[PDB]
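There is one chain below, alone, in structure tokens, taken in the form deposited in one PDB entry.
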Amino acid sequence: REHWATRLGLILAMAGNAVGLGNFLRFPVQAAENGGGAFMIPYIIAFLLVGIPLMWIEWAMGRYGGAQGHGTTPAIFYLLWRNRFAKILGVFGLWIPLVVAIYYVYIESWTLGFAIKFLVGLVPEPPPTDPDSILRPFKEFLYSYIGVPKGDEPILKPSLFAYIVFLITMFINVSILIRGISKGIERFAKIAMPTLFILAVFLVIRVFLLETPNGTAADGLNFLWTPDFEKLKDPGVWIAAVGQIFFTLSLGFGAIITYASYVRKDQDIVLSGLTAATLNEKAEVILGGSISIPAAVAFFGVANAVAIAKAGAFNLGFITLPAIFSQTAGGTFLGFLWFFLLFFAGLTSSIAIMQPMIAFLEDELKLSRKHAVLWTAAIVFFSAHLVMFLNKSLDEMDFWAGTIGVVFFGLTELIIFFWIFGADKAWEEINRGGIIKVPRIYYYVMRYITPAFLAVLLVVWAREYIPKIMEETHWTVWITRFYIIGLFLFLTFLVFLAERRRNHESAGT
């Protein structure tokens, strides 16, 4: 089996797994929509009660499976719980990353396309004072790129440039993955992560220099870091916070599990897992939190900045920020640096959510790496046509896989590892070879608190939010639901073929 070559390479690869579009695009919007500082308390609590403990659990499961030649959940769940239902539950650990990859790589390609256009100066020219006259051109720029519907039909018409850039983006992902764990992902991470940190710090510094009649960057920081205990009683803020913690730490996506399956059986995962999680949180709350919101608040003030965040998931990052930058000397190049930052952030993450399908094809169907990467790329490329052409398909996938699915799967993997496999065997497995030990209090959090927390959250989700999503949506959501259910059936069939192959192999040995 492949292994990470160095400790630093492993840490930077896992940090790159985590530090993505989630830190720079998703976090600011989630925080802004939910009262800034009012979001942060639940967010910190969720990190401590869900993020940290689940990170350790996923590292442990991955390392445990890898020692036996398995990096994905169909096989790993079965190793933990020898029951056919384990294998079926395990399909989610392939299905989630695949469905998320389908839309995530497309959004990642937008950042490459924008980076290129900002670099070469093919960007809107706002008329030099009224905000709308400054934002509108950038709104139109994004809408023309992805082809937002201008009429009634729920159909997208991406530009030719966007489509070609998606092809290039797929090619770049493949070129890293096809080189494997140590020569591909690890090597790339040693270059991308420092570059990413440098760009982000530079952008924070530039943003902190912003001052207008409407405010300063510091007003943005105060908004985000001022506690509001009157929201702690709102289930919505908790659901938001926990969802962001899952997405941001790559938890419940089977991706941490697969990366950890390349860690040697003896190697520490306690300090390593904690460091990766901690690096992600610094990049999220310090870097991600200090770019978009402070820029927006400085130029528009808090109320408007909040209204912008609520407008869409992409307004703040693809429209508002570049518009703000355009009003400053060298602002187009600053826009380039921003999109280049997002691209590297996305790229180090998308390789992580494609690796689970690759590992499954290698481990369970015995494909060569080359064929496993190419088939994985073909499935993602093909499927992405749904997200590229059908309005709001992206939103549906992000909900079922990227939102509900990961919380469900996080709870599932915890129950399988800490309840069925056995809490004490699980604890031993986590701490084995640890440079540090997990604090004793975390045994009780993992066994009792975390699962209760998640169960309650999932119930509130199903009761107070999913009814609307099932009944108040346009009929075209069933196109996406049909397709991703078919993907689940296809993956279950592959797991069935893998057990048949194992049966035929064992009969020959």
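Throughout, we count residues from 1 along the sequence that is shown. C-alpha atoms forming the largest set that superposes within 1.5 Å between two forms make up the rigid core.
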Problem - residue 468 coordinate gap across at least a third of other entries - result: yes
Handout entry: residue 422: gap in at least one third of other compared structures
Key = no
Handout entry: Residues with no coordinates between residue 128 and residue 129, taken from the deposited sequence as a class
Key = 1 to 3
Completion exercise
Going by the entry, of stretches 227-235 and 174-182 the one with greater average Cα B-factor is 227-235
Problem - Given 70-78 and 216-224, the range whose Cα B-factors average higher in the PDB entry - result: 216-224
Problem - Residue selected from 60, 479, 459, 52 by maximal Cα B factor - result: 459
Completion exercise
Among 407, 116, 302, 357, the highest C-alpha B-factor in the PDB entry belongs to 302
Completion exercise
The third of the chain into which the C-alpha temperature factor of residue 160 falls is the middle
Exercise for the section: Just say lowest, middle or highest third for the CA B-factor of residue 280 relative to the other modelled residues in its chain. Expected result: middle
Practice task
Sorting the chain's modelled residues by C-alpha B-factor, tell me whether residue 287 ends up in the lowest, middle or highest third.
Solution key: middle
Exercise for the section: Ordered by C-alpha B-factor within the chain, which third holds residue 46? Give me lowest, middle or highest, please. Expected result: middle
Completion exercise
Chain thirds by Cα B factor, record data; residue 377 belongs to the middle
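Omitted here: the form deposited in another entry. The next part is about that form.
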Exercise for the section: Could you check which of 278, 195, 83, 212 shows a C-alpha shift of 2 Å or more between the shown form and the other one after a rigid core superposition? Expected result: 212
Practice task
Verify the C-alpha shift of residue 336 between the shown form and the other one: is it 2 Å or more after superposing the core?
Solution key: no
Problem - Yes/no, residue 112 Cα shift of 2 Å or more between the shown form and the other one with rigid core fixed - result: no
Handout entry: Cα displacement of residue 223 between the shown form and the other one reaching 2 Å, rigid core superposed
Key = yes
